[PDB]
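To keep things clear, I will list the structure first and then write my remarks on it.
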Amino acid sequence: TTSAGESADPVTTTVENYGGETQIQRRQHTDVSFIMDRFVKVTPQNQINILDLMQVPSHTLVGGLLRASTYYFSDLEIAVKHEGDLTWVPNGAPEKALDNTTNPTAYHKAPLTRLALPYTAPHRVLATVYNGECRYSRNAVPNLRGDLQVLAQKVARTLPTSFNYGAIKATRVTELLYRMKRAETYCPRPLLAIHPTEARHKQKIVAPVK
Amino acid sequence: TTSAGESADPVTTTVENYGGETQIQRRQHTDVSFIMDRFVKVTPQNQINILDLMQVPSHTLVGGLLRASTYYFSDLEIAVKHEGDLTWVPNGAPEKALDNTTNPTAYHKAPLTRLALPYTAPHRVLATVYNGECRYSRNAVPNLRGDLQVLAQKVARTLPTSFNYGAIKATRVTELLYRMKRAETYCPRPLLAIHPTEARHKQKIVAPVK
Amino acid sequence: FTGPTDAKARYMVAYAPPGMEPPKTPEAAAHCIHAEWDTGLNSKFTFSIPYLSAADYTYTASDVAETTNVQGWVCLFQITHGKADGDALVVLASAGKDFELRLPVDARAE
Amino acid sequence: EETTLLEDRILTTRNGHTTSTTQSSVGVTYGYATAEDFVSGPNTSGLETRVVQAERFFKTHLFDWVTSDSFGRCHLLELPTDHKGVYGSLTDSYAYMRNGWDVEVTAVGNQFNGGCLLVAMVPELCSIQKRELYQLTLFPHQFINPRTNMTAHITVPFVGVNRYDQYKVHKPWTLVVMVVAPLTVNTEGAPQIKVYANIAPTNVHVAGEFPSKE
Amino acid sequence: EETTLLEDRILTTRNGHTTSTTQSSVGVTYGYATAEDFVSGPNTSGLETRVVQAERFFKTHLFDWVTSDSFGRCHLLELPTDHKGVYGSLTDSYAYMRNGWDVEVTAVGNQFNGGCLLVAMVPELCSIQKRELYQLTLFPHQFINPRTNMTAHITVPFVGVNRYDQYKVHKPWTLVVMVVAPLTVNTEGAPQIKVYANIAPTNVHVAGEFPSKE
Amino acid sequence: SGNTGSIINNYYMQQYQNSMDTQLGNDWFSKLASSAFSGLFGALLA
Amino acid sequence: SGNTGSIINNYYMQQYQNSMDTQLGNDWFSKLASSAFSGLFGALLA
């Protein structure tokens, strides 16, 4: 079909335009709740770990797809391999609270601890990217204009301190995995495949035996 | 609003007085039964431990809030890490009963023993503070009058012997935690935050990663 | 107000929200949400400090001046007085009808 | 579309006492929603007010599209930007604010020019790698292509982790104009095209009145 | 009136998000009318708007009433005066304006002072001879007399040969406080009484938006 | 009723899991916080 | 509703297993993908 390309109104043609037939599609696997709901390993800190979803590497399935949203919501599960007992403290806690056992503490039971945690941030939703500051006592943020170069001022910014699901602490934490529960994603952002050197990106794919 | 300040009748204004709007509040977390119902660690005695809620440090959440009531009621859970078998005996027992196994004795099963215990005191309610003596054979308590100084006579007083949930004994008890069940609190008493040196008490609060 | 009967005064309380420096004068403070009252039969005046923040909740603990932990200032001014020199105004605070505390934490402290 | 050498795709947008009319319209792009969400939440305690006098067009120059600009040349404008009018004075009189944006971008040369511009409204734009520019169409956008049109119009709502913003520390939206195909002038096109924005804040709400400096 | 050594003639005035309360009230004086006249006339061609955010109290010191001031000592305040807040910014953003005034004047000493103050709202006050001060009660007024009260409250509408004003060249109202009987302090009164105004513009309407300096 | 969140009934009898309460024959501070004067004691102008 | 596939109800209350959501007062990209022009803009011969 011809259309006005400048418009931005989505145009979806079908193989019927030249005598084919559109088939049925079952899209259960590209549903945000389902695909986000699997564990992903993170490299832990020896002892204090603040629970921050932006810790999962950007190349992973969950890191890739979490960064393709601007704002998101979820509850959380973690599974942790640790020495001693594991204490978790909600968003907003003083870090010295990590040492008090009335705060949710799980006693060591081999091989690991898996916990269901609530969303505790003070915000209706959290963001993978945030164009601003949370420290007050500063000078105002500039209203930047210019080309892409102008965006290099922002690289030393850390995401607001309120963007976390609390923190956990144990004597040694050896392994940490996150799993997003009931996930919601808003405002898509770029998702990048590997860029090939060749005409086609080629990989050894799993094939029979000999 | 203006009111008679001397009265003591509570006066609760709202932001409506200058055009705002009072919002809804969900107060499930400052409910006495819920907040009192979490374990808190106590420093155990090597062998005999009498179960006395006034053993939980005053600075903890449960110690802080238990001391903000005059009279209280609850059942109890304990979790105990111990060598040997753990015997518990009710309020009023001879201490030599702690060595007889027909009294509730739990046989060692790693890593710890968690028990539901009833309130056993002979009083309808117990108190965090008690202005008097339980030993008879004495001379009568004075009717003190005077300023705060007069209260220094009372410092050598121990809470009545009947104020306990029994006692437990094992060969070595290594860890003891209490958890108040079905708690009721009567007559509020002072609850003190930390006093700051500065204008605001500042603490490292749990923030993202880098 | 705790002064004698022949001691008169007029006061102002203003809520100064974050993002600029708190007012130093009743006149600068006039542009905030504020209330003014004077002494008379009734010794007490009560004022609701409003919850105004970007987020829906804010922190009870403080760290370093940020969005989530400082919520501006409350400013108590004296407009004038007539012979109230030395008299005390005593102030108390209580929770409003929609005051809400959530997320228990034990953090050493009292 | 409609008729001989010039056109009747004709739109007049009104924002306050200011109007803008194009005869080469192509329509408006609504981003992420058709309406704003709730303006009156718990975080303002009923103290917020609409200030209808700020809902009107202000103007800024963006850049000059010339034949040496290549695919991926961008110009960003973070929003809000400096406004020396009644919107601008709101940001110094109230601690918290929220508004969406009705955005109109112009690139007038003539129909003998070639090349193409993508105009887009991106939230929380902190960084954009070169390869991601191939997916900028993920965002609320419209093209300016000389043979068809000279105006792009995008209308977008307030977005944010918080229902009211503090604009002195956070910029929710960035207007980005990107060159997708380089400008061609041939013998009859305009030697270059200056790109201008005409922007109106929509639904502006303020809360939390500041002291003065008096 | 109402009770023992102090009093319950108790009034709370609200203007915007600002309140003022007195326990020695005496009531409010309405001058010339109970309502404003029509706000929407031919001279603004339907282009005028109300700006409710300016309707709130601002404060200024007037003078210090001392025992040496004699009958006829006055302090004038022309209205509008300098306002460094949102009302003040309206006068620089719009060519034409109209609003009435809700005026509250305070003179707190104590009930052991004597003497008397007349507070009045005079239109077009260009000159006042001494003998005319005997007829200042012709104007919207109220007294402050220590043995009874510490507050005067006058509420007055917009008045003028024209339905909208240009405040950079004309001042429709002047607040005047006049000493009618000299202050007495005896052994127990306040040594002097500072006089303060708490003023709110009411019904502010603006028309004719100015350029910026950009 | 405190911090308990099981959806099935206790395997043990209530006579066993808890002490039993007896009768003879919120509460005060709820009544007290509800009784609070929320109004205005002046007369309101405007 | 994501990747969960148990046929019996959770032993714990929903108030415990998850945060509870509140109201004030697919979605966009579903509506957007449904709105797509699927036709032809010419006139069709044969």
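Following the order of the structure tokens, chains are lettered A, B, ..., residues in each are numbered from 1, and ligands are numbered from 1.
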
Near chain F, which residues of chain E fall within 8 Å when you count only C-alpha atoms, and what do they look like as a PyMOL selection string? chain E and resi 9-15+21

Per residue of chain G within 8 Å of chain A, record the nearest atom pair and its distance in Å to one decimal, counting only C-alpha atoms, with rows in chain order and ascending residue number, as CSV.
residue,atom,partner,partner_atom,distance
G:1,CA,A:33,CA,6.9
G:2,CA,A:34,CA,3.8
G:3,CA,A:34,CA,4.9
G:17,CA,A:116,CA,6.7
G:18,CA,A:118,CA,5.8
G:19,CA,A:118,CA,5.1
G:32,CA,A:10,CA,7.5
G:33,CA,A:10,CA,7.1
G:35,CA,A:10,CA,7.4
G:36,CA,A:10,CA,4.7
G:37,CA,A:11,CA,4.8
G:38,CA,A:13,CA,4.8
G:39,CA,A:13,CA,6.7
G:40,CA,A:1,CA,4.6
G:41,CA,A:1,CA,5.7
G:42,CA,A:1,CA,7.3

Dump as a list in words the residues of chain D that approach chain B to within 10 Å, counting only C-alpha atoms.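 Close enough to count are residues 41, 42, 43, 44, 45, 46, 47 and 48 of chain D.
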
Would you list which chain C residues are within 9 Å of chain B using only C-alpha atoms, as a PyMOL selection string? chain C and resi 1+33-35+37+41-50+61-64+94-110

Could you save those same residues with N, CA and C atoms as a CSV table (one decimal), in the first residue's frame?
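Saved file again21.csv follows:
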chain,number,residue,atom,x,y,z
C,1,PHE,N,0.3,30.6,74.1
C,1,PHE,CA,0.7,31.8,74.7
C,1,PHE,C,0.6,31.6,76.2
C,33,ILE,N,2.5,29.4,52.0
C,33,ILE,CA,1.3,28.9,52.7
C,33,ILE,C,1.6,29.4,54.1
C,34,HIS,N,0.8,30.3,54.8
C,34,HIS,CA,1.2,30.8,56.2
C,34,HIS,C,-0.1,31.0,57.0
C,35,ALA,N,-0.1,31.3,58.3
C,35,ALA,CA,-1.3,31.7,59.1
C,35,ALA,C,-0.7,32.7,60.0
C,37,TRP,N,-2.0,34.8,63.7
C,37,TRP,CA,-3.0,34.9,64.8
C,37,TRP,C,-2.5,35.8,65.9
C,41,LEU,N,-8.6,35.4,74.6
C,41,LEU,CA,-9.1,34.4,75.6
C,41,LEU,C,-8.5,33.0,75.5
C,42,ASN,N,-8.4,32.5,74.3
C,42,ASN,CA,-8.0,31.2,73.8
C,42,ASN,C,-6.5,31.2,73.6
C,43,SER,N,-5.8,30.4,74.4
C,43,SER,CA,-4.3,30.4,74.4
C,43,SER,C,-3.6,29.6,73.4
C,44,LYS,N,-4.3,28.8,72.7
C,44,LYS,CA,-3.7,27.9,71.7
C,44,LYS,C,-4.2,28.1,70.3
C,45,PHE,N,-3.3,28.0,69.3
C,45,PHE,CA,-3.5,28.0,67.9
C,45,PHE,C,-2.9,26.7,67.3
C,46,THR,N,-3.5,26.0,66.4
C,46,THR,CA,-3.0,24.8,65.8
C,46,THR,C,-3.1,25.0,64.3
C,47,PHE,N,-2.0,24.5,63.7
C,47,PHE,CA,-1.7,24.6,62.3
C,47,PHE,C,-1.2,23.3,61.7
C,48,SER,N,-1.8,22.9,60.6
C,48,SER,CA,-1.4,21.7,59.8
C,48,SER,C,-0.3,22.0,58.8
C,49,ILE,N,1.0,21.4,59.0
C,49,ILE,CA,2.0,21.4,58.0
C,49,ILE,C,1.6,20.4,56.9
C,50,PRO,N,1.5,20.8,55.7
C,50,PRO,CA,1.0,20.0,54.5
C,50,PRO,C,2.1,19.1,54.0
C,61,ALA,N,14.3,9.1,58.0
C,61,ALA,CA,15.7,9.4,58.3
C,61,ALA,C,16.3,10.5,57.3
C,62,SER,N,17.4,11.1,57.7
C,62,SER,CA,18.0,12.1,56.8
C,62,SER,C,19.5,11.7,56.5
C,63,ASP,N,20.1,12.2,55.4
C,63,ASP,CA,21.4,11.7,55.0
C,63,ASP,C,22.5,12.7,54.7
C,64,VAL,N,22.0,13.8,54.1
C,64,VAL,CA,22.6,14.9,53.2
C,64,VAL,C,21.4,15.5,52.6
C,94,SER,N,1.7,17.0,67.0
C,94,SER,CA,0.9,15.8,67.0
C,94,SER,C,0.7,15.4,65.5
C,95,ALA,N,0.3,14.2,65.3
C,95,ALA,CA,0.0,13.6,63.9
C,95,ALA,C,-1.4,14.1,63.5
C,96,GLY,N,-1.4,14.5,62.2
C,96,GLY,CA,-2.6,15.0,61.6
C,96,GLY,C,-3.5,13.8,61.2
C,97,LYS,N,-4.7,14.0,60.7
C,97,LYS,CA,-5.7,13.0,60.4
C,97,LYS,C,-5.1,12.1,59.4
C,98,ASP,N,-4.3,12.4,58.4
C,98,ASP,CA,-3.8,11.5,57.4
C,98,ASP,C,-2.4,11.1,57.5
C,99,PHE,N,-1.7,11.5,58.7
C,99,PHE,CA,-0.4,11.1,58.9
C,99,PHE,C,-0.3,9.5,58.8
C,100,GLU,N,0.7,9.1,58.1
C,100,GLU,CA,0.9,7.6,57.9
C,100,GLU,C,2.4,7.3,58.0
C,101,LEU,N,2.8,6.2,58.7
C,101,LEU,CA,4.1,5.7,58.8
C,101,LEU,C,4.0,4.3,58.2
C,102,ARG,N,4.9,3.9,57.4
C,102,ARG,CA,5.0,2.6,56.7
C,102,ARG,C,6.5,2.2,56.6
C,103,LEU,N,6.6,0.9,56.4
C,103,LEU,CA,7.8,0.0,56.3
C,103,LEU,C,8.6,0.0,57.6
C,104,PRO,N,8.3,-0.9,58.6
C,104,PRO,CA,9.1,-1.0,59.8
C,104,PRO,C,10.5,-1.2,59.5
C,105,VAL,N,11.4,-0.6,60.3
C,105,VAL,CA,12.8,-0.8,60.3
C,105,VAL,C,13.4,-0.8,61.7
C,106,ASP,N,14.4,-1.7,62.1
C,106,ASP,CA,15.0,-1.5,63.4
C,106,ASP,C,16.4,-1.0,63.0
C,107,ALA,N,16.9,0.2,63.4
C,107,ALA,CA,18.2,0.8,63.0
C,107,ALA,C,19.2,1.2,64.1
C,108,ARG,N,19.3,0.6,65.3
C,108,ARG,CA,20.0,0.6,66.6
C,108,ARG,C,19.0,1.8,67.0
C,109,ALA,N,19.4,2.8,67.9
C,109,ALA,CA,18.8,4.2,68.2
C,109,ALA,C,17.8,4.7,69.3
C,110,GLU,N,18.0,5.2,70.5
C,110,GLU,CA,17.0,6.0,71.2
C,110,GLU,C,17.5,6.9,72.3

Considering only C-alpha atoms, extract the chain D residues located within 6 Å of chain C and return them as a PyMOL selection string. chain D and resi 43-44+162+164-165+209-212+214

Would you export the selected residues with C-alpha atoms as a PDB file, in the first residue's frame, please?
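File produced: again-v8.pdb:
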ATOM      1  CA  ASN D  43       1.646  14.181  47.025  1.00  0.00           C
ATOM      2  CA  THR D  44       0.143  17.772  46.790  1.00  0.00           C
ATOM      3  CA  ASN D 162       6.631  11.211  40.359  1.00  0.00           C
ATOM      4  CA  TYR D 164       4.732  16.497  40.097  1.00  0.00           C
ATOM      5  CA  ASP D 165       8.201  17.472  39.115  1.00  0.00           C
ATOM      6  CA  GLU D 209       4.509  28.505  46.690  1.00  0.00           C
ATOM      7  CA  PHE D 210       7.962  29.887  47.409  1.00  0.00           C
ATOM      8  CA  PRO D 211       8.877  32.996  49.483  1.00  0.00           C
ATOM      9  CA  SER D 212       9.983  36.058  47.599  1.00  0.00           C
ATOM     10  CA  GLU D 214      11.819  40.726  49.842  1.00  0.00           C
TER      11      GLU D 214
END
